[PDB]
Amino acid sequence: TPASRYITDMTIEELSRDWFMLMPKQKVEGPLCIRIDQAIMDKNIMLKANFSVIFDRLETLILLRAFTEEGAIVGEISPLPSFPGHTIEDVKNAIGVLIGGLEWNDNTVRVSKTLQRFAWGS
């Protein structure tokens, strides 16, 4: 995978930073794993992701995480390794579930320019 097909919204530090859930919820959407801290409310959030793009659209997700304006990780979608792989639809489902959960607790979720461009496109 080249750098003309590799989007890194997240720094190395961001990708690997440990984060804890006061009120943990976890879900599975396809071969994907979803995490929100249910303790978070009333914040602006931004979903950022690292992933590879082919034929103008997301191919493989490495990691997505939810960031408060303050710079804190309040959620995550992550790939489980399995034989099917995982599809752009899995990812797009996962994102809707993340977003749904975040807003349910009165947060406002935005998605990165690149996730708009390649996955959350319409």
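Residue numbers run from 1 along the displayed sequence.
For the pair 95-103 and 16-24, the mean B factor over Cα atoms is greater in 16-24.
Mean C-alpha B-factor is higher over 82-90 than over the other stretch, the pair under comparison being 40-48 and 82-90. By the numbers in the PDB entry, the CA B factor is greatest at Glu29 among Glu29, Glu76, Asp56, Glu59. Annotation for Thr1: C-alpha temperature factor in the highest third relative to the rest of the modelled chain, per the entry. Per-chain ranking of the deposited C-alpha B factor places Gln116 in the middle third.
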